[PDB]
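Student: Structure provided below as structure tokens; questions to follow.
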Amino acid sequence: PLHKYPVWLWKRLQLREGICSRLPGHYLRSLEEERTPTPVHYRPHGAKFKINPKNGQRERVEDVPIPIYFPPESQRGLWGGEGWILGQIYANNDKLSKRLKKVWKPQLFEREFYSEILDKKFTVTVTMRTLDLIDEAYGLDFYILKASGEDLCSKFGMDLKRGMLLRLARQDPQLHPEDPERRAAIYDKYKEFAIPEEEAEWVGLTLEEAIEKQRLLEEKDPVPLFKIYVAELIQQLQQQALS
Amino acid sequence: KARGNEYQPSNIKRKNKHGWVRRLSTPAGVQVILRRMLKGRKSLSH
Amino acid sequence: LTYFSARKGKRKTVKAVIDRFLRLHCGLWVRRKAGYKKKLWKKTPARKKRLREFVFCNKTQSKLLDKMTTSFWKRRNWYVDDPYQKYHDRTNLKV
Amino acid sequence: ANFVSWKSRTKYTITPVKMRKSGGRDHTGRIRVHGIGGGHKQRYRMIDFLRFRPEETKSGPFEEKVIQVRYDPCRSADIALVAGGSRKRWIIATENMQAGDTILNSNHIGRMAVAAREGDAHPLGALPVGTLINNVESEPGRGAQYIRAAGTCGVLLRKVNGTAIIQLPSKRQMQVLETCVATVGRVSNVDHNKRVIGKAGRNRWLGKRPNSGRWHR
RNA sequence: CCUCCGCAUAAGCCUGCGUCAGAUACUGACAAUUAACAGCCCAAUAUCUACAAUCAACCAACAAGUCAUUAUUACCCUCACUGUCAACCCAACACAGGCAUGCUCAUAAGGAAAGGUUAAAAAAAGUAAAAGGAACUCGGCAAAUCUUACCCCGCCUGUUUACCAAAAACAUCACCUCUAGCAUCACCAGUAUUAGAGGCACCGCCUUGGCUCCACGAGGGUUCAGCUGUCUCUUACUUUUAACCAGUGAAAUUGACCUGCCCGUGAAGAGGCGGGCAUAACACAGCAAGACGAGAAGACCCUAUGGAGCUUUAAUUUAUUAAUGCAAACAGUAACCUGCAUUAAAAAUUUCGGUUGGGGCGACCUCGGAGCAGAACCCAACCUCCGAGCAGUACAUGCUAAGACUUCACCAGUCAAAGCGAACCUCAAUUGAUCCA
RNA sequence: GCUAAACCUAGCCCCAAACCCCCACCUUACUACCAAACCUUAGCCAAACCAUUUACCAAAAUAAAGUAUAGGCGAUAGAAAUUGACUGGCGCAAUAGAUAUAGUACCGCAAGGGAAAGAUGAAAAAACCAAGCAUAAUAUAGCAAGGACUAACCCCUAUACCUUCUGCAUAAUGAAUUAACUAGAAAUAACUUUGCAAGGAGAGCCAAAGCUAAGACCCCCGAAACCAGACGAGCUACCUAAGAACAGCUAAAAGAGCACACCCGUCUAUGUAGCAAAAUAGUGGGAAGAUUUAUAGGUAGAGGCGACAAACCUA
Ligand SMILES: [Mg+2]
Ligand SMILES: [Mg+2]
Ligand SMILES: [Mg+2]
Ligand SMILES: [Mg+2]
Ligand SMILES: [Mg+2]
Ligand SMILES: [Mg+2]
Ligand SMILES: [Mg+2]
Ligand SMILES: [Mg+2]
Ligand SMILES: [Mg+2]
Ligand SMILES: [Mg+2]
Ligand SMILES: [Mg+2]
Ligand SMILES: [Mg+2]
Ligand SMILES: [Mg+2]
Ligand SMILES: [Mg+2]
Ligand SMILES: [Mg+2]
Ligand SMILES: [Mg+2]
Ligand SMILES: [Mg+2]
Ligand SMILES: [Mg+2]
Ligand SMILES: [Mg+2]
Ligand SMILES: [Mg+2]
Ligand SMILES: [Mg+2]
Ligand SMILES: [Mg+2]
Ligand SMILES: [Mg+2]
Ligand SMILES: [Mg+2]
Ligand SMILES: [Mg+2]
Ligand SMILES: [Mg+2]
Ligand SMILES: [Mg+2]
Ligand SMILES: [Mg+2]
Ligand SMILES: [Mg+2]
Ligand SMILES: [Mg+2]
Ligand SMILES: [Mg+2]
Ligand SMILES: [Mg+2]
Ligand SMILES: [Mg+2]
Ligand SMILES: [Mg+2]
Ligand SMILES: [Mg+2]
Ligand SMILES: [Mg+2]
């Protein structure tokens, strides 16, 4: 026989029918969005059309991305969209020669970073691309608040994002009192990335964590039917006393 | 010599080598059980 | 030659044939002579001209190339300024 | 394999520990070293190699009394059970220390080279120049790893401002710091190398089987 | 009259000769192995344990060894659960095989070699044998009676191809050489008298050794002596088999068969074809000349642009490891990780043309002149002979274009009037496509 | 006249529609109760070898178009912009349709492989023929018949079939025989026949009589292999852990002598579809050790393991 729905659509059917349906709206919006990253290991065509050589006619060009591979150590740190390139290569830059496996890895550093919003010094495994993106973002706090989910590409990086975002959304006593003007300076410096707390709590989670957080919200130890029925009976007797 | 009898039974070896606990220890053994379950086997392990 | 592609189910052309031969619409195929621009210092002038001609193909060669291409290459093309537009049709060919 | 190494013991015990053979095999279960397996069953005597290890809440140079010189199955020398203070321990016995001798463990660097007997141990500052020593450590305090096999004696050739030069028994030279401890004298079981093994049986008791395919290539 | 049998535990089976009923140890029903034997254990923190065993006493070693608790804290509630049968398990089988430990040393336990005859052959096993005593034979193999010496090899005891090889091979003490100065998952809880790797073969004397050299061997040969059915040369009996009666009852094999001999013939070795001859029909027992008997899509030989190895000084690669160099990421002062190159190691992929009076060896592989092939064209050869892989002269050695030839296909090759432009090619083969560059 | 033979519905297949599912049990599963997932597929295969390359598989109608494009520029590969997208059956009917009466019985240590088969009828509270035989053995002579004949034989003629071969009666292959099942799949272009016709066609195409539609044409079984992922060390090789056995005599701690138990397997004989997919019987070698052996554990496939025999790793 045939399935009623295609198998690539089975996951969306789950996300519509389950507790995954009782997940909040914005979270499922992000999960369904799932956009494309920034070019890191390939050079994008600057144009949509190009007059290709060997015949002066404009052919359309699309830039296809390299299938990059990210290890769990990357997710433990922060690599700036940078990962391993597992591919083949030709032996002597000549196709009429051996074809042979190749793994290109990035260079990894243990750098120590201060985040002004959390006020903590983190030591993480960065690379030069993160360092440069931090320099062009003008700080780690701005880098993590500005960078998108998949351009950041770290479970840790998005934990940092929702910690920072919750810090902003609650306006917490972050360092301690006696410096509320400096705290006001911090939250005014990053005032632009302000979202509701009910959104910032769900920023950055995996789907497993989101389902676990949701069922923790809706546990609700059962109400005794003694309570329910005595409420009904009291209502009915007050109705009879009214009538 | 006479080479008929390679099967020298012991229930400790039988259970330790092909048992449910051992099948379920390895991820390839979990797939062995899953394959017997799909085939429909009445006995999935020793 | 790929009579049935895995992708479409259609029949494929041999692009080696399209690189080398010209199909005129009447069924004639026109080629170059194999060797027409090598060792011209040691070839004699008459052999050099014989090599320089564009020649026709045999009947069985024509049928093989008919088979090795698809019918896109057998349609009637009305290019702007074509040096073969007069050759695309047969005149006085009795039998 | 399920290879927990048998050497899990933490406290320095004087009693022998039941020693498990290995067959020359890794934790992976496969042969790593060829020609090993099936000796006589033995037990490991825990040797303290830090010759100057003063006992708990005590002071510098101390005295020990040798109790018993004994064959050790797990090495080539003889082990002396010695006792000093409230604790007793095994050490490698140099040659000609019987049961009843008294040995000295000093960390003191006397300016004059100490006139010392054959058994005791001092740093190389207290040892004279050109002196036969055996239990030698590279850094001070790590414990002796060099000459301590049966009948071997490395010489102290010269003393330099902060270091010293040891001729190791391979006709070798080694720079050691001045302050590290070393025992004087040559190790026991001399004549040991002039023991003919005799039978392939005697080799198989020592724990070395004939093994072929030694190059897994 | 028999038996390394029997009984028990272990392991393994899982009700598998208990009673009854029924049909032709099978089927069903009903029963049964009762814990005292055995199993299922331990509240811990710190800590204590140098001393073997062997009748363990002298005494003897080397290969150096298994049996062991204390101070305190908490803990009296007590005996559950499970195994317990048998003629049994692993070998497809009610299988001459495999099967650990205790005890009995011929059993106190357990079993039955003959269905019934007869007494042929051939076959199996046994016993006896005149005279002779290895004449047998590859060889004293087997039997019979016990023994001697010499060589060859390997020093020895050991190990090996489960299921054709037990050896001269492998291992082994001994010796040499090479690599390694060190700590915690091997080597190693080790340290140059140590560890890892390779090789030779003990030993006395001397410096690819050599000469002696003792003991040992189901090794390989040789001699003497005996002994004997090995033999001259076979025989007699007994047991199994056998044959016949009774019960049960296979398998390979098979185109169909109404299935003779001789000579000839013929895909060259005929029951069946030609010419002769023979010739009523059916069992049973033997035999082994034929059915190119059966078995197993010949392992020998060749073939396949079939497969797999094996080694390399075959081709292609270093993706992986290594040790360099260069950057990259730190400290500075007037090491480890990543990227790119290199040379090594281990590899990894892949292939190993053709003709051939089998294949291999040797020789050849394209083109041209002559002969075979005498008079249009053609015409083979691991047939008979001779040559070429260019050389000259100028550089019309331009450009075009009717019509033809063609090496037996195509590709390629050859001639050529006229016309335009001009001075006014020689040539026996004298060579090479496409894609790339 | 025995053995049989016959049968029809148990179900199944392809579509459409519609998105579907008390106790015990990860310890030795089915046992009341104690201190860690995430990493390019490779290769067979085509290139008539093979070494770059070699379709798709990793959701995408019709056409553009097998076009641009790629490519030992070769086998082959190949776009996009743009463009019109209510249940049924010329299905099976018990060797078929599902493997299915069942993932059972049985086989294997395991992963795994994997069957067979039933037909009285409304109610059972009721007939004939495959092969093989039998009824009924045979009578000279011969591919088993044919011509015939008064008549079965007698007479004359007469080298089974298939396949492979230059040539087979061949002493070349296959085949006891019966029943059932078991092997020609399609395009380019032609031709034939209609429709319409300088146009055809229910657009995206062709067209210097064409175009549209149909009809005709392309087998079955069989390696050794290769790669990936599992499963295996209850046999065997080696190792680890905690055990055990080794009479007697001689000898007096020796890889000691003779010799049982046990371990092995030298010679012969039997056996060969066997008692046995390596046994039996006598003969023999070791039998206090580099021994044998029970139990548990470990090493896993270009891997292990090896006192090297290409040995062993479940016949
Ligand atoms: Mg059997
Ligand atoms: Mg009795
Ligand atoms: Mg009888
Ligand atoms: Mg006689
Ligand atoms: Mg003779
Ligand atoms: Mg003779
Ligand atoms: Mg004999
Ligand atoms: Mg020997
Ligand atoms: Mg053998
Ligand atoms: Mg054996
Ligand atoms: Mg043998
Ligand atoms: Mg021997
Ligand atoms: Mg009978
Ligand atoms: Mg004849
Ligand atoms: Mg015949
Ligand atoms: Mg034959
Ligand atoms: Mg053959
Ligand atoms: Mg060929
Ligand atoms: Mg191949
Ligand atoms: Mg292979
Ligand atoms: Mg050849
Ligand atoms: Mg021609
Ligand atoms: Mg191929
Ligand atoms: Mg069926
Ligand atoms: Mg079936
Ligand atoms: Mg009949
Ligand atoms: Mg022939
Ligand atoms: Mg043949
Ligand atoms: Mg046959
Ligand atoms: Mg039939
Ligand atoms: Mg085992
Ligand atoms: Mg002995
Ligand atoms: Mg022999
Ligand atoms: Mg062995
Ligand atoms: Mg060999
Ligand atoms: Mg060999």
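Ordering of the structure tokens sets the chain letters (A, B, ...); residue numbers start at 1 within each chain; ligands are numbered from 1 in the order shown.
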Identify, counting only C-alpha atoms (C1' of nucleotides) and all ligand atoms, the protein, DNA and RNA residues located within 10 Å of ligand 10, and give them as a PDB file with C-alpha atoms (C1' of nucleotides), in the first residue's frame.
Tutor:
ATOM      1  CA  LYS B   1      39.662 -37.791  15.211  1.00  0.00           C
TER       2      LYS B   1
ATOM      3  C1'   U E 160      53.672 -30.563  14.135  1.00  0.00           C
ATOM      4  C1'   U E 161      49.944 -30.862   8.906  1.00  0.00           C
ATOM      5  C1'   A E 162      42.102 -32.761  13.647  1.00  0.00           C
TER       6        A E 162
ATOM      7  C1'   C F 264      48.750 -39.563  21.751  1.00  0.00           C
ATOM      8  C1'   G F 265      48.347 -42.021  17.126  1.00  0.00           C
TER       9        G F 265
END
Student: Can I get the residues close to ligand 1 as a PyMOL selection string, where close means within 8 Å and we count only C-alpha atoms (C1' of nucleotides) and all ligand atoms?
Tutor: (chain B and resi 4) or (chain E and resi 91-92+95) or (chain F and resi 276-277)
Student: Return the neighbours of chain D among the residues of chain F, cut-off 7 Å, counting only C-alpha atoms (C1' of nucleotides), as a ChimeraX atom specification.
Tutor: /F:239-240,255,290,298-299,306-307
Student: Taking only C-alpha atoms (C1' of nucleotides) into account, find every residue of chain C that has an atom no more than 10 Å from chain E, and write it out as number ranges by chain.
Tutor: C: 33-35, 41-47, 49, 58, 60-61
Student: List all protein, DNA and RNA residues that have an atom no more than 9 Å from any atom of ligand 22, counting only C-alpha atoms (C1' of nucleotides) and all ligand atoms, and report them as a PDB file with N, CA, C and O atoms (P, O5', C5', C4', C3', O3' and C1' of nucleotides), in the first residue's frame.
Tutor:
ATOM      1  P     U E 406      39.875  -0.253 -59.175  1.00  0.00           P
ATOM      2  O5'   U E 406      40.470  -0.015 -57.727  1.00  0.00           O
ATOM      3  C5'   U E 406      41.808  -0.363 -57.399  1.00  0.00           C
ATOM      4  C4'   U E 406      42.201   0.189 -56.053  1.00  0.00           C
ATOM      5  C3'   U E 406      41.381  -0.313 -54.886  1.00  0.00           C
ATOM      6  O3'   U E 406      41.748  -1.596 -54.430  1.00  0.00           O
ATOM      7  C1'   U E 406      41.511   2.020 -54.760  1.00  0.00           C
ATOM      8  P     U E 407      40.600  -2.634 -54.034  1.00  0.00           P
ATOM      9  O5'   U E 407      41.175  -3.428 -52.787  1.00  0.00           O
ATOM     10  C5'   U E 407      41.947  -2.801 -51.774  1.00  0.00           C
ATOM     11  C4'   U E 407      43.063  -3.711 -51.351  1.00  0.00           C
ATOM     12  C3'   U E 407      43.645  -3.477 -49.972  1.00  0.00           C
ATOM     13  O3'   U E 407      44.067  -4.726 -49.432  1.00  0.00           O
ATOM     14  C1'   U E 407      45.328  -3.188 -51.612  1.00  0.00           C
ATOM     15  P     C E 408      43.336  -5.388 -48.166  1.00  0.00           P
ATOM     16  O5'   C E 408      42.506  -6.578 -48.795  1.00  0.00           O
ATOM     17  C5'   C E 408      41.091  -6.597 -48.710  1.00  0.00           C
ATOM     18  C4'   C E 408      40.474  -5.962 -49.921  1.00  0.00           C
ATOM     19  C3'   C E 408      38.995  -5.624 -49.825  1.00  0.00           C
ATOM     20  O3'   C E 408      38.771  -4.347 -50.413  1.00  0.00           O
ATOM     21  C1'   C E 408      39.391  -7.097 -51.655  1.00  0.00           C
ATOM     22  P     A E 409      38.470  -3.061 -49.499  1.00  0.00           P
ATOM     23  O5'   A E 409      37.274  -3.529 -48.589  1.00  0.00           O
ATOM     24  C5'   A E 409      35.943  -3.449 -49.039  1.00  0.00           C
ATOM     25  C4'   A E 409      35.026  -3.132 -47.903  1.00  0.00           C
ATOM     26  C3'   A E 409      35.103  -1.724 -47.378  1.00  0.00           C
ATOM     27  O3'   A E 409      34.394  -0.805 -48.184  1.00  0.00           O
ATOM     28  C1'   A E 409      35.057  -3.241 -45.586  1.00  0.00           C
ATOM     29  P     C E 410      34.879   0.703 -48.319  1.00  0.00           P
ATOM     30  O5'   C E 410      34.889   1.231 -46.842  1.00  0.00           O
ATOM     31  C5'   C E 410      33.927   2.151 -46.384  1.00  0.00           C
ATOM     32  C4'   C E 410      34.177   2.449 -44.940  1.00  0.00           C
ATOM     33  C3'   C E 410      35.203   3.523 -44.660  1.00  0.00           C
ATOM     34  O3'   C E 410      34.687   4.819 -44.748  1.00  0.00           O
ATOM     35  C1'   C E 410      35.652   1.665 -43.316  1.00  0.00           C
TER      36        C E 410
END
Student: Residues of chain C no more than 12 Å from chain F, counting only C-alpha atoms (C1' of nucleotides): send them over as a PDB file with N, CA and C atoms, in the first residue's frame.
Tutor:
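So the final result, stored in out.pdb, reads:
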ATOM      1  N   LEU C   1      23.919   2.581 -25.886  1.00  0.00           N
ATOM      2  CA  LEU C   1      24.086   3.993 -26.138  1.00  0.00           C
ATOM      3  C   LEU C   1      23.230   4.778 -25.187  1.00  0.00           C
ATOM      4  N   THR C   2      22.621   4.082 -24.219  1.00  0.00           N
ATOM      5  CA  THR C   2      21.501   4.516 -23.374  1.00  0.00           C
ATOM      6  C   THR C   2      20.219   4.715 -24.171  1.00  0.00           C
ATOM      7  N   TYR C   3      19.553   3.602 -24.464  1.00  0.00           N
ATOM      8  CA  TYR C   3      18.215   3.595 -25.048  1.00  0.00           C
ATOM      9  C   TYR C   3      17.140   4.043 -24.091  1.00  0.00           C
ATOM     10  N   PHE C   4      17.381   3.953 -22.797  1.00  0.00           N
ATOM     11  CA  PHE C   4      16.385   4.250 -21.777  1.00  0.00           C
ATOM     12  C   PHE C   4      17.145   4.819 -20.606  1.00  0.00           C
ATOM     13  N   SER C   5      17.030   6.106 -20.357  1.00  0.00           N
ATOM     14  CA  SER C   5      17.800   6.652 -19.260  1.00  0.00           C
ATOM     15  C   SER C   5      17.179   6.251 -17.935  1.00  0.00           C
ATOM     16  N   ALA C   6      17.969   6.376 -16.884  1.00  0.00           N
ATOM     17  CA  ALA C   6      17.538   6.048 -15.544  1.00  0.00           C
ATOM     18  C   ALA C   6      16.698   7.137 -14.928  1.00  0.00           C
ATOM     19  N   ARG C   7      16.732   8.292 -15.519  1.00  0.00           N
ATOM     20  CA  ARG C   7      16.204   9.556 -15.077  1.00  0.00           C
ATOM     21  C   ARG C   7      14.893   9.910 -15.750  1.00  0.00           C
ATOM     22  N   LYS C   8      14.827   9.759 -17.050  1.00  0.00           N
ATOM     23  CA  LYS C   8      13.683  10.110 -17.851  1.00  0.00           C
ATOM     24  C   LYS C   8      13.034   8.912 -18.517  1.00  0.00           C
ATOM     25  N   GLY C   9      13.780   7.867 -18.820  1.00  0.00           N
ATOM     26  CA  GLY C   9      13.284   6.818 -19.671  1.00  0.00           C
ATOM     27  C   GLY C   9      13.466   7.071 -21.141  1.00  0.00           C
ATOM     28  N   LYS C  10      14.214   8.100 -21.514  1.00  0.00           N
ATOM     29  CA  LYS C  10      14.394   8.574 -22.875  1.00  0.00           C
ATOM     30  C   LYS C  10      15.698   8.059 -23.465  1.00  0.00           C
ATOM     31  N   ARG C  11      15.907   8.337 -24.747  1.00  0.00           N
ATOM     32  CA  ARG C  11      17.058   7.859 -25.498  1.00  0.00           C
ATOM     33  C   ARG C  11      18.068   8.970 -25.641  1.00  0.00           C
ATOM     34  N   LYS C  12      19.337   8.614 -25.573  1.00  0.00           N
ATOM     35  CA  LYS C  12      20.421   9.567 -25.467  1.00  0.00           C
ATOM     36  C   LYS C  12      21.215   9.681 -26.761  1.00  0.00           C
ATOM     37  N   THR C  13      21.826  10.832 -26.946  1.00  0.00           N
ATOM     38  CA  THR C  13      22.662  11.141 -28.087  1.00  0.00           C
ATOM     39  C   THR C  13      24.104  10.858 -27.715  1.00  0.00           C
ATOM     40  N   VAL C  14      24.906  10.485 -28.701  1.00  0.00           N
ATOM     41  CA  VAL C  14      26.343  10.384 -28.524  1.00  0.00           C
ATOM     42  C   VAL C  14      26.930  11.727 -28.938  1.00  0.00           C
ATOM     43  N   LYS C  15      27.458  12.433 -27.950  1.00  0.00           N
ATOM     44  CA  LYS C  15      27.978  13.757 -28.197  1.00  0.00           C
ATOM     45  C   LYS C  15      29.299  13.723 -28.927  1.00  0.00           C
ATOM     46  N   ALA C  16      29.941  12.562 -29.000  1.00  0.00           N
ATOM     47  CA  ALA C  16      31.064  12.368 -29.903  1.00  0.00           C
ATOM     48  C   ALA C  16      30.625  12.530 -31.352  1.00  0.00           C
ATOM     49  N   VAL C  17      29.468  11.963 -31.697  1.00  0.00           N
ATOM     50  CA  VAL C  17      28.909  12.140 -33.031  1.00  0.00           C
ATOM     51  C   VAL C  17      28.595  13.596 -33.287  1.00  0.00           C
ATOM     52  N   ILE C  18      27.969  14.259 -32.323  1.00  0.00           N
ATOM     53  CA  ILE C  18      27.643  15.666 -32.564  1.00  0.00           C
ATOM     54  C   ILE C  18      28.878  16.557 -32.668  1.00  0.00           C
ATOM     55  N   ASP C  19      29.958  16.217 -31.982  1.00  0.00           N
ATOM     56  CA  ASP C  19      31.188  16.966 -32.165  1.00  0.00           C
ATOM     57  C   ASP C  19      31.780  16.770 -33.553  1.00  0.00           C
ATOM     58  N   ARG C  20      31.654  15.582 -34.134  1.00  0.00           N
ATOM     59  CA  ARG C  20      32.385  15.354 -35.373  1.00  0.00           C
ATOM     60  C   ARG C  20      31.601  15.549 -36.663  1.00  0.00           C
ATOM     61  N   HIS C  25      19.553  17.801 -43.740  1.00  0.00           N
ATOM     62  CA  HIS C  25      18.206  17.356 -43.406  1.00  0.00           C
ATOM     63  C   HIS C  25      17.751  16.192 -44.266  1.00  0.00           C
ATOM     64  N   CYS C  26      18.363  16.001 -45.411  1.00  0.00           N
ATOM     65  CA  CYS C  26      17.993  14.933 -46.312  1.00  0.00           C
ATOM     66  C   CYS C  26      18.534  13.580 -45.884  1.00  0.00           C
ATOM     67  N   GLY C  27      19.313  13.524 -44.823  1.00  0.00           N
ATOM     68  CA  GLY C  27      19.899  12.289 -44.394  1.00  0.00           C
ATOM     69  C   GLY C  27      21.355  12.113 -44.716  1.00  0.00           C
ATOM     70  N   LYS C  63      23.487   5.457 -41.348  1.00  0.00           N
ATOM     71  CA  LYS C  63      22.461   4.824 -40.528  1.00  0.00           C
ATOM     72  C   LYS C  63      22.927   4.650 -39.097  1.00  0.00           C
ATOM     73  N   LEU C  64      24.215   4.381 -38.904  1.00  0.00           N
ATOM     74  CA  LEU C  64      24.780   4.314 -37.562  1.00  0.00           C
ATOM     75  C   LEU C  64      24.692   5.648 -36.853  1.00  0.00           C
ATOM     76  N   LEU C  65      24.959   6.743 -37.552  1.00  0.00           N
ATOM     77  CA  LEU C  65      24.887   8.039 -36.892  1.00  0.00           C
ATOM     78  C   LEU C  65      23.451   8.470 -36.648  1.00  0.00           C
ATOM     79  N   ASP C  66      22.561   8.127 -37.569  1.00  0.00           N
ATOM     80  CA  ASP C  66      21.128   8.223 -37.364  1.00  0.00           C
ATOM     81  C   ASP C  66      20.700   7.572 -36.081  1.00  0.00           C
ATOM     82  N   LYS C  67      21.250   6.402 -35.805  1.00  0.00           N
ATOM     83  CA  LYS C  67      20.946   5.696 -34.569  1.00  0.00           C
ATOM     84  C   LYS C  67      21.600   6.353 -33.365  1.00  0.00           C
ATOM     85  N   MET C  68      22.820   6.809 -33.499  1.00  0.00           N
ATOM     86  CA  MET C  68      23.565   7.327 -32.367  1.00  0.00           C
ATOM     87  C   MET C  68      23.171   8.728 -31.957  1.00  0.00           C
ATOM     88  N   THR C  69      22.317   9.402 -32.714  1.00  0.00           N
ATOM     89  CA  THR C  69      21.758  10.666 -32.270  1.00  0.00           C
ATOM     90  C   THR C  69      20.263  10.524 -32.066  1.00  0.00           C
ATOM     91  N   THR C  70      19.669  11.510 -31.411  1.00  0.00           N
ATOM     92  CA  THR C  70      18.227  11.585 -31.300  1.00  0.00           C
ATOM     93  C   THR C  70      17.686  12.512 -32.371  1.00  0.00           C
ATOM     94  N   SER C  71      16.371  12.658 -32.409  1.00  0.00           N
ATOM     95  CA  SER C  71      15.685  13.370 -33.473  1.00  0.00           C
ATOM     96  C   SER C  71      15.696  14.876 -33.313  1.00  0.00           C
ATOM     97  N   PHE C  72      16.277  15.402 -32.246  1.00  0.00           N
ATOM     98  CA  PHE C  72      16.573  16.824 -32.196  1.00  0.00           C
ATOM     99  C   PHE C  72      17.569  17.196 -33.269  1.00  0.00           C
ATOM    100  N   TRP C  73      18.423  16.281 -33.626  1.00  0.00           N
ATOM    101  CA  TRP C  73      19.475  16.557 -34.561  1.00  0.00           C
ATOM    102  C   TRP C  73      19.055  16.261 -35.973  1.00  0.00           C
ATOM    103  N   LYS C  74      17.821  15.844 -36.163  1.00  0.00           N
ATOM    104  CA  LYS C  74      17.297  15.514 -37.463  1.00  0.00           C
ATOM    105  C   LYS C  74      16.187  16.442 -37.913  1.00  0.00           C
ATOM    106  N   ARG C  75      15.796  17.413 -37.097  1.00  0.00           N
ATOM    107  CA  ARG C  75      14.881  18.468 -37.484  1.00  0.00           C
ATOM    108  C   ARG C  75      15.486  19.477 -38.433  1.00  0.00           C
ATOM    109  N   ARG C  76      14.613  20.355 -38.905  1.00  0.00           N
ATOM    110  CA  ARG C  76      14.893  21.317 -39.951  1.00  0.00           C
ATOM    111  C   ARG C  76      15.112  22.674 -39.324  1.00  0.00           C
ATOM    112  N   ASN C  77      16.316  23.186 -39.476  1.00  0.00           N
ATOM    113  CA  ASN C  77      16.803  24.342 -38.755  1.00  0.00           C
ATOM    114  C   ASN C  77      16.960  25.490 -39.732  1.00  0.00           C
ATOM    115  N   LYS C  86      21.759  25.652 -48.589  1.00  0.00           N
ATOM    116  CA  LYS C  86      21.513  25.086 -49.902  1.00  0.00           C
ATOM    117  C   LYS C  86      21.774  23.600 -49.954  1.00  0.00           C
ATOM    118  N   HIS C  88      21.018  21.498 -47.566  1.00  0.00           N
ATOM    119  CA  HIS C  88      20.112  20.724 -46.733  1.00  0.00           C
ATOM    120  C   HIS C  88      19.014  20.031 -47.506  1.00  0.00           C
ATOM    121  N   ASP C  89      19.045  20.018 -48.829  1.00  0.00           N
ATOM    122  CA  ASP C  89      17.963  19.378 -49.556  1.00  0.00           C
ATOM    123  C   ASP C  89      18.454  18.847 -50.898  1.00  0.00           C
ATOM    124  N   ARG C  90      17.809  17.789 -51.374  1.00  0.00           N
ATOM    125  CA  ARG C  90      18.283  17.022 -52.517  1.00  0.00           C
ATOM    126  C   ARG C  90      17.541  17.420 -53.772  1.00  0.00           C
ATOM    127  N   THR C  91      18.294  17.646 -54.832  1.00  0.00           N
ATOM    128  CA  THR C  91      17.781  18.208 -56.068  1.00  0.00           C
ATOM    129  C   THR C  91      18.118  17.283 -57.225  1.00  0.00           C
TER     130      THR C  91
END
Student: Enumerate, in order of chain and increasing residue number, the residues of chain E with an atom no farther than 12 Å from ligand 20, each with its shortest atom pair and distance in Å to one decimal, counting only C-alpha atoms (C1' of nucleotides) and all ligand atoms, as a tab-separated table.
Tutor:
residue	atom	partner	partner_atom_place_in_ligand_line	distance
E:307	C1'	ligand 20	1 (Mg)	10.0
E:308	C1'	ligand 20	1 (Mg)	6.7
E:309	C1'	ligand 20	1 (Mg)	8.1
Student: Can I get the selection written as a PDB file, in the first residue's frame, with C-alpha atoms (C1' of nucleotides)?
Tutor:
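The resulting file, out-v4.pdb, is shown below:
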ATOM      1  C1'   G E 307      38.992 -15.022  -9.873  1.00  0.00           C
ATOM      2  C1'   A E 308      42.429 -15.098  -5.848  1.00  0.00           C
ATOM      3  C1'   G E 309      46.962 -14.824  -4.118  1.00  0.00           C
TER       4        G E 309
END
Student: Any idea what's packed within 8 Å of residue 63 of chain D, counting only C-alpha atoms (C1' of nucleotides), ignoring anything in its chain fewer than 4 positions away? Could you give it as a tab-separated table (two decimals) with C-alpha atoms, in the first residue's frame?
Tutor:
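The new file out27.tsv reads:
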chain	number	residue	atom	x	y	z
D	84	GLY	CA	63.53	1.15	61.25
D	102	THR	CA	72.54	-1.77	60.12
D	103	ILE	CA	72.11	0.70	57.27
D	104	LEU	CA	71.93	4.48	57.20
D	105	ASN	CA	69.56	6.68	55.19
